[PDB]
Amino acid sequence: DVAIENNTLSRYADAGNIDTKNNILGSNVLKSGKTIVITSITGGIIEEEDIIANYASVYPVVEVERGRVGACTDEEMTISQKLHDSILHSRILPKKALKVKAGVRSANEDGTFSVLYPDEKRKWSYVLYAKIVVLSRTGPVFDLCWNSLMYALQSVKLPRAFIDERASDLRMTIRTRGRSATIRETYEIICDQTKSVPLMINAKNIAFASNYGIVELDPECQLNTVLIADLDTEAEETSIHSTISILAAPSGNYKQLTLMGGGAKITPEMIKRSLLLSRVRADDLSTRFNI
Amino acid sequence: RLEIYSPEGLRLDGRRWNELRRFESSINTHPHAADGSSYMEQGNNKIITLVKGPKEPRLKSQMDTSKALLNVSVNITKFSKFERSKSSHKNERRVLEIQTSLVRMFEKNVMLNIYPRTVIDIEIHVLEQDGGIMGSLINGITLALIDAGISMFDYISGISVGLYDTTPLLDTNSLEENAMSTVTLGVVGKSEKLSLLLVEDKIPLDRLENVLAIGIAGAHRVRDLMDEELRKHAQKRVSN
Amino acid sequence: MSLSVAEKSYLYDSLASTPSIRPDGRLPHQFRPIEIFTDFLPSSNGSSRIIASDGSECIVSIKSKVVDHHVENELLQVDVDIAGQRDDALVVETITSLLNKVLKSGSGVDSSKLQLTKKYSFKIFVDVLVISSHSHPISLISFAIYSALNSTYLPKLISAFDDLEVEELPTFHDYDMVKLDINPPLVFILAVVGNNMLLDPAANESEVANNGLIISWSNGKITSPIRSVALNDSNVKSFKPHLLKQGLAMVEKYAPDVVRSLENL
Amino acid sequence: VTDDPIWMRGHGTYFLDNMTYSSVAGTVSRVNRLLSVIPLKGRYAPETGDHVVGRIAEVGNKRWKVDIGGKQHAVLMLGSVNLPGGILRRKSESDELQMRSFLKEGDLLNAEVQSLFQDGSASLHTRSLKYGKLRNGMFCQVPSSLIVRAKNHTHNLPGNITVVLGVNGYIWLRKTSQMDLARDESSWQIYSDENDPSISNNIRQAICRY
Amino acid sequence: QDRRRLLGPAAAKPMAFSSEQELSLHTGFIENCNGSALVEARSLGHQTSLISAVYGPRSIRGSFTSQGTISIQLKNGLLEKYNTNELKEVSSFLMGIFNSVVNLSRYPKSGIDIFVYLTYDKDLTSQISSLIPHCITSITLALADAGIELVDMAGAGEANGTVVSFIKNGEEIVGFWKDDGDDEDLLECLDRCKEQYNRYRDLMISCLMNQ
Amino acid sequence: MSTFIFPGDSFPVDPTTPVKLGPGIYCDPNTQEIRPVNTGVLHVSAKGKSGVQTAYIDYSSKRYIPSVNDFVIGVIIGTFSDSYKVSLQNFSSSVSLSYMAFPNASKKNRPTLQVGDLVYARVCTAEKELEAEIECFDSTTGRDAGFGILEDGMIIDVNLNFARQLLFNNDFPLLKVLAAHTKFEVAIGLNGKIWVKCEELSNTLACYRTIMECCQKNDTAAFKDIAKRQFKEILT
Amino acid sequence: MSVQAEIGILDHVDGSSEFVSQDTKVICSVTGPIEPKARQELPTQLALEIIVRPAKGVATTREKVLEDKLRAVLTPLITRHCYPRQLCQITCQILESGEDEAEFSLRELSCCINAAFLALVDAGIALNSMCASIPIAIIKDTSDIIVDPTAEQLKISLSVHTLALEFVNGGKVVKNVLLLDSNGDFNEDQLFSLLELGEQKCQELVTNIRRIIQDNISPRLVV
Amino acid sequence: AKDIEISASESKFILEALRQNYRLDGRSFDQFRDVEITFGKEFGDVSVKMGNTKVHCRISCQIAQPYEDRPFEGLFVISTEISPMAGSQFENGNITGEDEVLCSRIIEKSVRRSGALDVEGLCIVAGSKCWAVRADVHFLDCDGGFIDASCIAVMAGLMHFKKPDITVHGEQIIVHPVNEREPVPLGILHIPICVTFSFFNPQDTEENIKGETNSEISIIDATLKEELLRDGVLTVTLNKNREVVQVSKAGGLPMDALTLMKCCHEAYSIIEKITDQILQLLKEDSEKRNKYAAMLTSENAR
């Protein structure tokens with residue numbers, strides 16, 4: 001079972017507190033079994049259909065804790081990249097959405113300051129990260145990371161962003177000890193979170209994951225083909241070599257199925273049952289947290 | 001910008017075309033926790049060396065029946081330039097490159113044969129550089145190993161030549177380094193056989209003899225200071 | 001450990017009794033012979049070589065830049081680097097923290113001897129190389145920073161900059177230097193072996209001590225940072241309030257003499 | 001150094017032909033039968049008949065590796081060791097454990113050079129009841145060339161402390177105990193840990209001054 | 001980018017910006033770990049939750065060690081930002097307390113891996129001084145749950161950015177920290193923190209009493 | 001029966017008819033049916049010429065796996081008290097050699113060897129679970145057979161298929177060609193190494209160069225031309 | 001062209017191959033069975049440590065995700081119990097992707113899997129079955145399946161799918177599906193279409209690789 | 001990492017083969033193996049094969065920030081990261097990395113320090129935007145010849161390479177496709193080609209060092225066994241203009257200046273030959289790329 005608490009960690013958890021030591025865009029805590037996944041989604045600022053290159057990706061770090069003093073292990077890195085990959089191919093975040101514009105922040109000599117809004121020279125896009133840490137992994141964790149990510153993403157708001165009059169003629173005098181190009185223009189753009197407009201997102205492309213196993217039972221080897229849904233213990237992670245990972249979305253659209261047929265027999269009959277289980281689980285989670 | 005030389009034989013330091021820089025050295029700068037040590041000044045290149053060991057390592061893989069393992073660590077601190085080094089240098093190719101060069105070269109100069117199941121660590125801490133630094137580091141090593149009682153065949157002596165077309169200028173500073181092609185060379189003993197020749201810049205092949213020949217003389221000149229320094233020190237500690 | 005089992009008990013007995021005699025044989029108020037050598041880099045603002053009696057050596061070097069201070073909340077950066085340790089072992093970075101906090105602005109050290117007009121501060125880049133360690137470095141580093149920061153010469157301002165002088169970068173006199181006066185803390189280390197509180201442990205003492213207390217002297221008084229430390233892992237014990245109050249009392253008495261002898265060479 | 005083909009054949013030289021060009025720093029002087037370059041200073045060099053004070057670096061399944069301050073470590077092994085509980089008893093098989101119980105890493109002990117091998121390595125032995133662990137004292141240390149080189153240099157001094165002084169520069173200074181008191185012993189205390197409670201004030205101060 | 005982890009666009013830069021407490025304890029709530037504790041502290045000032053997990057006794061064979069050792073990772077919160085060095089200092093501080101409280105002699109060839117997760121700290125209104133009672137409360141609970149030997153329960157107060165840790169009913173001190181407190185706070189703080197330690201002592205004992 | 005086989009195919013005899021197993025036939029450890037696993041030519045023997053047929057696949061390799069009654073050249077890459085440790089072909093698992101593996105050697109008749117001597121030996125024990133052992137003394141023949149310690153010579157690395165094919169067919173004409181052009185000494189290992197030595201430097205080298213050249217091209221007509229051209233080259 | 005394969009090209013390594021699929025070009029080596037590292041000693045099992053290194057720039061996190069995908073497929077292909085306590089390092093260097101590396105991995109992956117099979121055939125390490133893998137896309141313009149797509153066709157994809165199947169009893173009976181990685185949007189009627197087509201298109205590829213190994217092996221091994 | 005264990009007899013044999021004036025390959029001491037250059041179907045893919053030694057280089061460019069010290073130059077970064085397809089003594093990126101550094105450093109010393117690739121002109125916008133050119137050198141087979149082969153792989157790779165035609169307006173760079181407009185080739189200032197002399201002692205070090213005799217066996221273009229077995233090395237790099245671009249000498253057998261310069265002179269003939277070979281091979285591949293480009297010329301006569 002899956003239990004989430006949202007906005008217990010995000011900057012924007014309250015309306016009467018905006019504190020500058022916080023910047024967490026969207027956030028979720030999700031507990032399943034004993035395995036607990038804490039998701040924080042965080043921005044940055046980079047000055048710049050159905051085609052894959054118009055959808056953007058989160059650039060996550062997924063950190064897993066299994067008693068390893070490090071945090072740069074081969075198990076966690078493969079997770080993080082595969083996770084970037086899933087988000088690309090599921091097509092959630094169109095690049096128009098991070099493509100924001102800036103208004104004007106003009107200080108007055110009237111002892112007031114006016115930060116002027118456009119309707120929300122140069123251009124900018126944001127980037128999105130996710131710092132996901134995992135405490136006491138007991139089985140396949142991938143689907144937990146994906147479930148929490150979505151509740152977070154649908155809680156993401158983005159700061160507003162502003163620039164001064166004659167931004168294109170503001171100076172940089174930061175570089176020194178050249179050799180030319182030690183005085184130039186630059187653009188400089190602060191972000192202000194006194195207003196934050198909420199993330200524009202493609203709902204249809206939200207998925208929620210599950211995990212499967214295919215395994216055989218033999219009566220003389222505890223001296224046909226059997227389907228397990230989801231994996232929770234060490235024993236299941238170790239020896240259920242034939243497994244299917246599905247991300248199913250809750251209209252009968254699927255954004256990834258990955259079958260790894262590590263040795264045992266798979267008839268497609270098992271595959272055909274799992275694609276239905278996964279959408280019905282998707283429909284359960286959906287209605288359960290109204291997100 | 002600036003003169004590098006004139007027909008009147010001057011520089012902006014004021015050296016002559018076969019004149020050396022200020023060579024100052026003194027030995028035993030850590031005689032309470034390092035087996036040999038020496039301080040090397042050439043110009044403002046301020047180099048301290050310590051030799052720690054011969055000692056057995058406490059890891060079996062570093063033990064070697066046939067000769068000692070030699071480790072040369074070149075540490076370059078953040079105040080060797082005029083400004084604060086923003087970068088990490090103790091994990092850079094430029095420095096590993098110097099390391100791989102000094103170790104392979106001193107590995108043959110030093111007899112490691114007479115120190116089996118040993119590890120030697122040469123620890124070279126730069127305090128300032130003002131260029132001509134690649135030949136200066138060799139020289140500091142040479143005085144450290146002879147002080148530590150680590151046997152050797154010869155003194156390797158490092159010296160730099162900057163060629164200002166046909167005009168070879170013995171010893172170098174920051175201006176000379178950055179304004180023409182520099183050669184760096186080492187000779188072992190009073191031999192004409194070169195241990196180390198390192199060139200980073202276009203030096204013509206037709207003039208290749210002119211820069212080395214003056215440098216092999218120029219090297220002999222450095223080596224007699226090293227002996228003089230050392231015997232002035234050894235005489236002191238055999239009177240008492 | 002690197003000592004004997006027999007050696008550690010002899011020491012424990014020696015030190016823990018009323019006289020508290022030890023391989024130097026000092027009463028608890030006395031300090032080993034240190035040597036201050038300064039000003040050896042013409043390239044730096046100030047520099048310091050300190051050789052101690054255990055053969056520990058720290059070299060401390062002072063470099064600078066002048067910077068706008070309204071985009072900064074740090075003025076003094078310590079970088080510690082210990083020969084034979086890397087740039088991220090636990091002890092190295094913990095030493096960096098301690099030292100940065102000792103030298104933290106408006107806390108036992110000036111943040112108005114480092115400013116030349118009220119918009120421009122000099123960011124002092126403390127860069128510390130430990131040449132050999134085999135005993136704790138922090139006390140010796142503290143002492144080296146003192147002599148350094150009183151040998152720190154800075155550029156003298158060309159002319160009295162205002163903050164509305166012309167609203168361009170401050171620009172220095174070509175040759176003329178200003179002496180930097182500034183009184184940094186002095187870190188003093190006290191050691192507890194039984195109920196006996198002793199100033200300045202040697203290496204040997206550090207290896208049998210229950211705990212020590214790091215405390216600092218700034219400006220004619222004791223002040224924060226205060227920190228306890230355990231100077232082994234394997235001869236460790238706990239201690240009483242009264243012994244902590246006697247170590248206060250001891251520094252208050254014996255610190256001033258030391259600062260005045262160290263100040264003038 | 002020389003072009004003579006009969007001299008300079010020994011330590012601190014090398015040659016091409018007979019022409020010998022030194023190899024170390026030091027003086028030329030006749031040691032043994034050969035005019036030879038002799039080091040100015042260097043690492044401690046063992047020899048047969050020396051008696052040295054030194055400590056355990058490693059404990060193995062067949063030997064201790066001993067730090068004498070040399071170019072490598074010296075070896076001390078099971079046919080070469082007296083043991084508390086008898087004279088050789090309390091130990092019926094080789095195990096790395098049984099070795100380790102008597103002598104821990106860092107323990108200090110006075111041991112004599114049994115044969116010097118050409119490796120560098122020196123086979124040591126403890127075999128008297130005076131030899132074995134040094135206990136009740138304080139450590140001191142010097143350069144090994146600013147003490148006299150003799151076969152023994154271990155003696156009583158006034159105030160009734162005994163110095164135990166090897167050839168290697170390591171110095172233990174302890175209160176006069178039975179083994180050093182019997183010249184003017186022990187047999188269960190040879191490598192057993194024991195610090196006497198009967199070390200007193202004036203005893204300790206004598207050792208700090210000494 | 002990097003070879004060990006994905007770091008996205010690298011010319012990209014962060015966003016620029018615009019007893020008085022209740023400790024309620026929990027343990028034994030997540031599994032893949034020998035024992036775990038949870039400490040949430042609420043105060044006027046700030047609310048905080050700290051997770052700890054302790055892994056091992058682990059064997060570290062291929063070498064014999066005189067006795068065991070303790071290794072402390074602090075992990076930067078997901079809503080608190082600190083310098084790596086401060087985390088090192090505090091790790092070093094806590095190790096030296098734990099060195100004194102955990103008994104280490106029943107366990108040869110031991111390394112213990114302690115993780116301190118400083119997850120949530122939130123202000124409704126240094127900073128690192130304030131969370132030291134909470135770190136010490138958490139970790140002790142965890143060593144107790146796992147079955148790691150301890151001299152006394154370790155626990156501390158914070159009076160005026162000054163942290164004093166005691167064992168044995170306020171009688172002995174196992175550590176002292178003062179950072180940016182006022183000169184001569186000594187009596188007020190020790191009196192005030194004793195109260196705090198005796199108060200959280202019994203709370204930890206009562207958490208351990210539900211199991 | 002002498003036909004090309006692939007992995008993932010049916011066996012071309014019945015499993016019902018008794019067969020002894022040889023290289024490259026695996027028996028499933030659940031299914032208890034035998035199947036090929038290598039890509040090569042499969043041979044099956046016919047009863048009345050054997051007692052029971054032995055079946056095997058000839059497959060090229062370049063990496064040697066220990067089998068018993070095989071003859072192998074190794075280099076001694078470690079000195080240990082009771083045994084020496086051999087590497088037959090580089091980068092691979094230890095192969096051990098008893099002290100007493102040599103003719104007329106006992107514990108009062110111990111050898112003195114060193115790293116970097118070449119040995120020539122029989123595999124006399126082979127496991128995958130434990131280490132393979134070589135003896136340089138043939139226990140079956142009871143005479144070592146000129147097994148022993150090689151010295152001098154030059155080791156040519158070869159192909160495994162080439163090496164077995166030269167050893168197990170004496171109609172292979174490479175050494176017939178070479179015997180005209182010099183007199184030489186030959187030792188053939190099955191670990192993908194073959195040793196050769198003549199009396200003179202020129203003569204050894206020509207053998208080294210030729211077997212190598214021949215081995216690459218690995219063609220039957222090539223072999224004649226290569227010898228004749230190379231053995232002229234070394235005397236030109 | 002379509003596909004080309006060669007084996008034996010590299011000479012210093014236990015086995016090797018060059019797989020080219022149009023623009024996409026992967027050269028492979030299997031090294032081993034060789035002496036295990038202690039961290040990669042497994043008791044009854046051969047160890048696999050796979051490395052995928054891209055042509056452009058330097059290997060990152062992406063190639064570990066690929067390593068996992070490759071490792072999945074390869075663990076029942078190579079007879080694990082054939083060598084206990086030995087390691088095999090399979091090093092797959094991409095000489096041209098000829099596409100965009102982060103975005104599409106469809107051709108890259110399929111090619112590696114095939115070059116790994118061949119290299120292992122040359123190596124002599126036991127192989128239970130024949131494996132090949134084919135790349136399958138769906139383009140948005142017709143909103144339909146295009147088998148074995150080019151670089152251009154990949155750009156205009158809405159979705160992309162690789163399948164790998166284990167080939168027994170004449171290399172023509174599908175035993176099992178060792179991979180089916182279907183990324184982008186699909187619904188079920190497409191997916192069983194991708195199996196069906198997939199089957200026949202794999203079996204052709206198996207024929208072509210089968211043929212290649214015979215022809216190249218046969219002048220080497222002679223009687 | 002795990003290294004190749006050769007015998008004592010091998011060590012003796014290869015020296016004696018040099019002493020009696022032959023080689024294993026049937027070469028001469030001064031004979032360099034024929035390098036064949038196989039240009040790709042893309043710009044900057046070069047397969048470089050010298051006998052069994054097989055190396056590849058693929059070139060990539062990207063938009064990148066200049067560095068703080070000199071923002072008026074671009075970036076050349078050389079990855080000569082090596083994976084086991086030649087042995088097992090090279091594994092897992094860096095794991096020892098001595099050879100990585102040396103090959104990488106010499107190739108930088110050749111192309112960036114001296115010039116052999118224009119760097120001034122890599123600034124699209126000074127102090128903002130530049131090209132970063134990355135050479136990723138990957139060996140697939142090795143039979144010695146390491147530096148020599150790598151260098152040729154860097155320069156042929158760079159010469160065949162081409163980069164997006166760019167138009168700037170302000171600081172906005174319109175990047176143009178390589179079918180849209182024709183991509184622009186890099187600037188080349190010189191042609192460094194290396195020749196690595198591997199030096200073998202017939203004596204021992206002690207007799208060598210205060211002797212003055214020259215009887216040292218000078219060979220180039222070592223085999224794998226030779227690479228391991230060499231007592232010393234001189235890596236010297238020249239361009240086809242009689243100038244020495246870089247020299248790396250640092251350990252191994254010492255040598256008189258005359259003998260070093262001898263080496264240089266021999267290499268000077270051998271590098272015109274490789275340079276020539278490279279020129280005419282480039283041309284004939286270029287002719288096939290030029291076959292309708294010749295038709296569609298816009299440089300025509302009046």
# chains A, B, ... in the order shown; residues from 1 in each chain; ligands from 1

call {"tool": "interface_residues", "arguments": {"of": "chain D", "to": "chain H", "cutoff": "9 Å", "atoms": "only C-alpha atoms", "output": "compact mmCIF listing (two decimals) with C-alpha atoms, in the first residue's frame"}}
result
# COMPACT_ATOMS: atom_id res chain seq x y z
CA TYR D 14 80.23 1.51 -7.86
CA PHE D 15 82.47 1.22 -10.86
CA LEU D 16 83.05 0.98 -14.55
CA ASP D 17 86.26 -0.92 -14.84

call {"tool": "residues_around", "arguments": {"residues": "stretch 82-98 of chain H", "least_positions_apart": "4", "cutoff": "7 Å", "atoms": "only C-alpha atoms", "output": "list in words"}}
result
residues 12, 13, 29 and 91 of chain G; 1, 2, 3, 102, 138, 139, 140, 141 and 142 of chain H

call {"tool": "write_last_selection", "arguments": {"atoms": "C-alpha atoms", "output": "PDB file, in the first residue's frame"}}
result
ATOM      1  CA  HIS G  12      45.188 -10.134 -29.482  1.00  0.00           C
ATOM      2  CA  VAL G  13      41.877 -10.898 -27.731  1.00  0.00           C
ATOM      3  CA  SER G  29      35.653  -7.913 -27.938  1.00  0.00           C
ATOM      4  CA  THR G  91      34.047  -4.320 -24.014  1.00  0.00           C
TER       5      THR G  91
ATOM      6  CA  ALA H   1      44.903  -4.871 -13.717  1.00  0.00           C
ATOM      7  CA  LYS H   2      46.925  -7.818 -14.670  1.00  0.00           C
ATOM      8  CA  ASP H   3      50.116  -7.832 -16.682  1.00  0.00           C
ATOM      9  CA  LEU H 102      51.609  10.822 -21.090  1.00  0.00           C
ATOM     10  CA  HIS H 138      40.196   4.643 -28.502  1.00  0.00           C
ATOM     11  CA  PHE H 139      42.555   1.857 -29.226  1.00  0.00           C
ATOM     12  CA  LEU H 140      40.975  -1.511 -30.251  1.00  0.00           C
ATOM     13  CA  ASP H 141      44.153  -3.447 -30.827  1.00  0.00           C
ATOM     14  CA  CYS H 142      47.693  -2.650 -29.839  1.00  0.00           C
TER      15      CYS H 142
END

call {"tool": "select_by_dssp", "arguments": {"residues": "stretch 30-269 of chain H", "states": "helix (DSSP H, G or I)", "output": "PyMOL selection string"}}
result
chain H and resi 98-113+120-122+146-160+205-209+224-229+257-269

call {"tool": "interface_residues", "arguments": {"of": "chain B", "to": "chain D", "cutoff": "10 Å", "atoms": "only C-alpha atoms", "output": "PyMOL selection string"}}
result
chain B and resi 32+35-36+53-58+65+110-111+114-119+145-154+230-231+234+237-238

call {"tool": "select_by_dssp", "arguments": {"residues": "stretch 38-240 of chain C", "states": "strand (DSSP E)", "output": "ChimeraX atom specification"}}
result
/C:38,46-51,57-68,76-82,115-117,120-132,153-157,172-179,186-193,196-199,211-218,221-229

call {"tool": "residues_around", "arguments": {"residues": "residue F:172", "least_positions_apart": "2", "cutoff": "12 Å", "atoms": "only C-alpha atoms", "output": "list in words"}}
result
residues 162, 163, 164, 165, 166, 167, 168, 169, 170, 174, 175, 176, 177, 178, 218, 219, 220, 221, 223 and 224 of chain F; 222 and 223 of chain G

call {"tool": "write_last_selection", "arguments": {"atoms": "N, CA, C and O atoms", "output": "short mmCIF file (atom, residue, chain, number, x, y, z; two decimals), in the first residue's frame"}}
result
data_model
loop_
_atom_site.label_atom_id
_atom_site.label_comp_id
_atom_site.auth_asym_id
_atom_site.auth_seq_id
_atom_site.Cartn_x
_atom_site.Cartn_y
_atom_site.Cartn_z
N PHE F 162 44.93 -24.33 -34.58
CA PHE F 162 46.12 -24.54 -35.45
C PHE F 162 46.97 -25.49 -34.70
O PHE F 162 47.45 -26.43 -35.26
N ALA F 163 47.19 -25.28 -33.36
CA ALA F 163 48.07 -25.97 -32.51
C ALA F 163 47.69 -27.37 -32.33
O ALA F 163 48.58 -28.24 -32.40
N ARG F 164 46.36 -27.63 -32.13
CA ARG F 164 45.85 -29.02 -32.07
C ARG F 164 45.92 -29.69 -33.38
O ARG F 164 46.15 -30.90 -33.44
N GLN F 165 45.71 -28.96 -34.50
CA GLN F 165 45.73 -29.50 -35.83
C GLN F 165 47.16 -29.87 -36.25
O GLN F 165 47.30 -30.95 -36.85
N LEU F 166 48.17 -29.10 -35.88
CA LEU F 166 49.52 -29.54 -36.15
C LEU F 166 49.92 -30.79 -35.33
O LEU F 166 50.73 -31.57 -35.86
N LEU F 167 49.52 -30.88 -34.05
CA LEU F 167 49.85 -31.98 -33.13
C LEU F 167 49.14 -33.29 -33.59
O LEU F 167 49.74 -34.34 -33.42
N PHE F 168 47.84 -33.20 -34.04
CA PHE F 168 47.05 -34.45 -34.02
C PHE F 168 46.99 -34.86 -35.45
O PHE F 168 46.22 -35.76 -35.70
N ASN F 169 47.75 -34.27 -36.45
CA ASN F 169 47.75 -34.77 -37.80
C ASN F 169 49.18 -34.56 -38.17
O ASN F 169 49.72 -33.45 -37.99
N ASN F 170 49.95 -35.61 -38.62
CA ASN F 170 51.37 -35.58 -38.87
C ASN F 170 51.50 -35.64 -40.35
O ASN F 170 52.58 -35.94 -40.84
N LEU F 174 53.64 -28.29 -42.35
CA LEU F 174 54.41 -27.16 -42.03
C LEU F 174 55.76 -27.61 -41.61
O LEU F 174 56.77 -27.17 -42.10
N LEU F 175 55.81 -28.58 -40.64
CA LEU F 175 57.08 -29.05 -40.19
C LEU F 175 57.77 -29.87 -41.20
O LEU F 175 58.97 -29.99 -41.06
N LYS F 176 57.12 -30.51 -42.21
CA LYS F 176 57.81 -31.14 -43.31
C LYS F 176 58.57 -30.15 -44.18
O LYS F 176 59.64 -30.44 -44.69
N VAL F 177 57.92 -28.97 -44.49
CA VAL F 177 58.49 -27.90 -45.22
C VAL F 177 59.82 -27.41 -44.47
O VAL F 177 60.92 -27.34 -45.03
N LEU F 178 59.72 -27.07 -43.15
CA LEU F 178 60.72 -26.48 -42.27
C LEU F 178 61.89 -27.40 -42.14
O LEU F 178 63.06 -26.96 -42.12
N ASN F 218 46.55 -19.09 -42.43
CA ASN F 218 45.90 -20.30 -41.98
C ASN F 218 45.33 -20.95 -43.19
O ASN F 218 44.22 -21.46 -43.10
N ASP F 219 46.11 -21.16 -44.23
CA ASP F 219 45.74 -21.70 -45.45
C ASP F 219 46.89 -22.61 -45.89
O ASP F 219 48.01 -22.30 -45.58
N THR F 220 46.46 -23.72 -46.43
CA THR F 220 47.24 -24.88 -46.76
C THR F 220 48.37 -24.79 -47.81
O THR F 220 49.37 -25.46 -47.64
N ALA F 221 48.16 -23.92 -48.81
CA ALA F 221 49.03 -23.60 -49.92
C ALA F 221 49.94 -22.43 -49.67
O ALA F 221 51.05 -22.44 -50.12
N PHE F 223 51.39 -22.06 -46.87
CA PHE F 223 52.38 -22.54 -45.94
C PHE F 223 53.72 -22.74 -46.65
O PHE F 223 54.77 -22.36 -46.09
N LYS F 224 53.70 -23.35 -47.94
CA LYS F 224 54.87 -23.57 -48.71
C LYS F 224 55.65 -22.31 -49.14
O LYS F 224 56.86 -22.28 -49.02
N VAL G 222 39.51 -26.95 -40.84
CA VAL G 222 39.55 -27.80 -42.02
C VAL G 222 39.98 -29.14 -41.56
O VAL G 222 40.62 -29.31 -40.52
N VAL G 223 39.67 -30.16 -42.38
CA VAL G 223 40.10 -31.49 -42.13
C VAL G 223 40.68 -32.10 -43.38
O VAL G 223 40.82 -31.37 -44.39
#

call {"tool": "interface_residues", "arguments": {"of": "chain C", "to": "chain D", "cutoff": "6 Å", "atoms": "only C-alpha atoms", "output": "ChimeraX atom specification"}}
result
/C:2-4,6,23,25

call {"tool": "write_last_selection", "arguments": {"atoms": "N, CA, C and O atoms", "output": "short mmCIF file (atom, residue, chain, number, x, y, z; two decimals), in the first residue's frame"}}
result
data_model
loop_
_atom_site.label_atom_id
_atom_site.label_comp_id
_atom_site.auth_asym_id
_atom_site.auth_seq_id
_atom_site.Cartn_x
_atom_site.Cartn_y
_atom_site.Cartn_z
N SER C 2 50.60 2.95 18.70
CA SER C 2 51.93 3.23 18.23
C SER C 2 52.81 3.28 19.51
O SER C 2 54.04 3.25 19.37
N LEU C 3 52.24 3.44 20.74
CA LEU C 3 52.95 3.36 22.02
C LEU C 3 52.74 1.94 22.47
O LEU C 3 52.24 1.08 21.73
N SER C 4 53.28 1.58 23.68
CA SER C 4 53.12 0.32 24.37
C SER C 4 51.99 0.42 25.36
O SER C 4 51.51 1.44 25.71
N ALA C 6 52.43 -1.06 28.29
CA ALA C 6 53.17 -0.65 29.46
C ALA C 6 53.46 0.80 29.67
O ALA C 6 53.33 1.38 30.77
N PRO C 23 57.11 13.52 30.09
CA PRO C 23 58.53 13.33 29.60
C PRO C 23 59.33 14.62 29.59
O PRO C 23 60.54 14.53 29.82
N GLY C 25 58.49 17.12 31.81
CA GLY C 25 58.53 17.22 33.18
C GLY C 25 57.99 18.54 33.68
O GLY C 25 58.15 18.88 34.85
#

call {"tool": "residues_around", "arguments": {"residues": "residue B:228", "least_positions_apart": "3", "cutoff": "12 Å", "atoms": "only C-alpha atoms", "output": "PyMOL selection string"}}
result
chain B and resi 23-26+143+221-225+231-235

call {"tool": "interface_residues", "arguments": {"of": "chain F", "to": "chain G", "cutoff": "7 Å", "atoms": "only C-alpha atoms", "output": "ChimeraX atom specification"}}
result
/F:7-10,37-39,60-63,91-93,128-129,218

call {"tool": "residues_around", "arguments": {"residues": "stretch 197-203 of chain F", "least_positions_apart": "2", "cutoff": "7 Å", "atoms": "only C-alpha atoms", "output": "PyMOL selection string"}}
result
chain F and resi 153-154+182-186+205-207+234

call {"tool": "interface_residues", "arguments": {"of": "chain B", "to": "chain H", "cutoff": "10 Å", "atoms": "only C-alpha atoms", "output": "count of residues only"}}
result
52
